[PDB]
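Just below is one structure, and these are the notes that go with it.
FYI, it's all coordinate maths here, none of it is from the lab. Here the Cβ positions follow ideal geometry from the backbone for every residue, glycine too, while neighbour counts run over all protein chains shown.
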Amino acid sequence: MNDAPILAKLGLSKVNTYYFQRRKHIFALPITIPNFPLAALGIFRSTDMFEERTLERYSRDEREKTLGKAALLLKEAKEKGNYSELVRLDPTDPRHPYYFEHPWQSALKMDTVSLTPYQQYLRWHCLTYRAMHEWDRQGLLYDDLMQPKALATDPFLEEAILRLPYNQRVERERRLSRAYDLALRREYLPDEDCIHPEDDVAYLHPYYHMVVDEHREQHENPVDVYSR
Amino acid sequence: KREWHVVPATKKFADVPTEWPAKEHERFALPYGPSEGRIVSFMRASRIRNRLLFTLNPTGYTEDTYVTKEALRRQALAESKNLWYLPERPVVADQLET
Amino acid sequence: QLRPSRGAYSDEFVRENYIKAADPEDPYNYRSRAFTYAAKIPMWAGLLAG
Amino acid sequence: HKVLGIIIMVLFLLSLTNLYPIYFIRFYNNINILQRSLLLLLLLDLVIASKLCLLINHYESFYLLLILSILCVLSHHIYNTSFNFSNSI
Ligand SMILES: CCCCCCCCCCCCCCCCCC(=O)OC[C@H](COP(=O)([O-])OCC[N+](C)(C)C)OC(=O)CCCCCCCCCCCCCCCCC
């Protein structure tokens, strides 16, 4: 990870949070249909390790990490006086407190000495499972496939898109239209234009996470118990 | 009305630590992710199973007296009045969640 | 490749695969129109008889 | 058990729908190769279950495979629930 050295000095782990993922519950509630009855309970689960895992953002550890990085930025601003600059970094900057990295952005240059055999399997799986879907041959980034729906829309997602800078929004739309045109013929880009895994940047996950936190803010500081 | 007497501003925050990262980050390091093993994480998730987790050691602590490594690190940071330790809000739950 | 400037096919490609061969004696595509309408006739014929 | 069979039938038909959750926030993510492979498995299990259900009238040993196929059918995930991952208070 490009963020790792910072995480190194805050006493955190240099390894992606994609590892350490674990099952803590038996039943998955609230039960959601249209799963089949037994599957609706969630006793037996099928995962490909590429789920969003958004609800795990409601943790004290993640907040501590975010505030540690923010405190580093504020300390630098106090020393130098470039506060403005340091609070307007692009969320793809490793110093931004909400920096997020896909597991494959560092799977090729990972330490791999501290990984459990299960975690080594996870690394190999991340690379190969990315290769299988062939969104890298469509000239597309993974976050381009995070799109909202007409009904049951993902609210955060919509906001996450409106926070993008104008040029990045336009580039996202243009990539999506090119992928649409390619998909008409089920065509791929020339083999030299394949997306390298380290180029598959997660440019929308920081905005997504910031929106999630801002939406939970008012819940934890209620005006009153029976308040909208 | 005319003469402006001088008073110190941040006198309270003098001699308090101003280093960041601090010493605690070196002595509560967690280079291997969460400090709890997978099975343990599964036990502490349920209030019932949690009771079964601490009763396996009759001479061990209880739910109200067990502290995790992350909690120890946060308490250590809080105690040392570091200037740059911005405290984090614990996850607050409404009725149904509880 | 992350800042596109083109769709799927380049002009050259489309000029070699999709565009019909030119007929200098027929600059108004009477041949194409005649063929397409004649080829539509059997569809209408089958539907009518059916 | 007849009552249990009726209950399972009603629950099956009701769980094919998407009427719950009603007011909890839910949204649908993408689909992947694993889900498509499991969909093929669902098709296989349904067909085998039909054939075996009709065969068991003369051959008692096929009850094992009929029950196995029905169990495999009843535990098929159509909607991958983001509630599979969360923390505890
Ligand atoms: C009205 C609803 C919408 C219809 C839209 C169009 C549907 C798709 C196109 C039609 C496809 C089928 C064409 C069949 C033609 C061949 C048979 C035929 O007519 O033979 C002529 C010949 C003509 O016989 P004849 O007796 O006149 O010939 C003279 C013979 N000598 C002198 C020796 C006695 O046979 C008949 O007409 C027999 C009676 C009518 C047979 C009808 C066949 C089935 C028609 C429906 C098939 C379509 C799918 C099912 C639809 C069901 C709807 C309820």
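Where helices (runs of 4 or more DSSP H) fall wholly inside the stretch B:3-96, no range has 1 or more residues that are among the small types (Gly, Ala, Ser) and over 30 Å from A:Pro5 (Cβ atoms). What do you reckon, is A:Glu56 within 7 Å of another protein chain (Cβ to nearest Cβ) and charged (D, E, K, R)? When the stated conditions are applied, A:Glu56 passes them.
A count restricted to the stretch C:22-50 and to residues that are more than 16 Å from the ligand (Cβ to nearest atom) and of a type in the set (A, V, I, L, M, F, W, C) stands at 5. For the stretch A:107-218, the helices (runs of 4 or more DSSP H) that sit wholly inside it and include 2 or more residues that are touching a residue at least 24 places away in the same chain (Cβ under 8 Å), within 28 Å of A:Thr32 (Cβ to Cβ) and within 14 Å of chain D (Cβ to nearest Cβ) are A:117-133, A:155-162. Checking each residue in the stretch D:30-71 for being farther than 30 Å from A:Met132 by Cβ and outside any helix (DSSP H, G or I) picks out D:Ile56, D:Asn57, D:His58, D:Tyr59.
Restricting attention to the stretch B:2-26, the residues that are within 23 Å of A:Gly68 (Cα to Cα) and more than 8 Å from every other protein chain (Cβ to nearest Cβ) total 11. Would you confirm whether or not the stretch C:9-21 contains a residue that is without any contact (Cβ under 8 Å) to a residue 40 or more places away in the chain, outside any helix (DSSP H, G or I), more than 14 Å from chain A (Cβ to nearest Cβ) and within 16 Å of the ligand (Cβ to nearest atom)? Within the stretch C:9-21, not a single residue is without any contact (Cβ under 8 Å) to a residue 40 or more places away in the chain, outside any helix (DSSP H, G or I), more than 14 Å from chain A (Cβ to nearest Cβ) and within 16 Å of the ligand (Cβ to nearest atom).
On the given criteria, is A:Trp104 away from chain B (no Cβ under 14 Å) and either surrounded by 18 or more Cβ atoms within 10 Å (Cβ to Cβ) or closer than 21 Å to A:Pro206 by Cβ (or both)? It is true that A:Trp104 is away from chain B (no Cβ under 14 Å) and either surrounded by 18 or more Cβ atoms within 10 Å (Cβ to Cβ) or closer than 21 Å to A:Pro206 by Cβ (or both). For the stretch A:31-47, the count of residues that are surrounded by fewer than 18 Cβ atoms within 10 Å (Cβ to Cβ) and within 11 Å of chain B (Cβ to nearest Cβ) is zero. In the stretch C:14-50, which residues are exposed (fewer than 10 other Cβ atoms within 10 Å of the Cβ), charged (D, E, K, R) and more than 27 Å from A:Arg185 (Cβ to Cβ)? C:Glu25, the sole residue that qualifies. Tell me whether the stretch A:137-152 contains one or more residues that are in contact with a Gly (Cβ under 7 Å, 6 or more places away or on another chain), over 28 Å from A:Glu217 (Cβ atoms) and surrounded by 16 or more Cβ atoms within 10 Å (Cβ to Cβ). Checking the stretch A:137-152: not a single residue is in contact with a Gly (Cβ under 7 Å, 6 or more places away or on another chain), over 28 Å from A:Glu217 (Cβ atoms) and surrounded by 16 or more Cβ atoms within 10 Å (Cβ to Cβ). Taken over the stretch C:22-50, residues that are among the hydroxyl-bearing types (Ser, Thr, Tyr) and assigned to a loop (DSSP other than H, G, I, E, B) amount to 1. A residue that is assigned to a helix (DSSP H, G or I), within 30 Å of D:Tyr20 (Cα to Cα), free of Cβ contacts under 8 Å to residues at least 60 places away in the same chain and among the hydrophobic types (A, V, I, L, M, F, W, C) can be found somewhere in the stretch A:53-65. Exactly one residue out of A:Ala28, A:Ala70 is touching a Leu at 6+ places or on another chain (Cβ under 9 Å), in contact (Cβ under 8 Å) with a residue 12 or more places away in the chain and over 30 Å from B:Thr18 (Cα atoms): that is A:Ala28. Evaluated against (1) more than 10 Å from chain A (Cβ to nearest Cβ); (2) under 11 Å from the mean Cα position of the chain (by Cα), D:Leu74 falls short on exactly one condition, (1). Residues in the stretch B:61-93 that are of a type in the set (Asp, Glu) and within 7 Å of chain A (Cβ to nearest Cβ): 2 in all.
Quick check on the stretch B:27-60: of everything there that is aliphatic (A, V, I, L, M) and within 17 Å of the chain's Cα centre (by Cα), which residue is farthest from the other protein chains (Cβ to nearest Cβ)? Top of the filtered list is B:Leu30.
Annotation: A:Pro94 fulfils all but one of (1) more than 30 Å from A:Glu187 (Cβ to Cβ); (2) assigned to a helix (DSSP H, G or I); the unmet one is (2).
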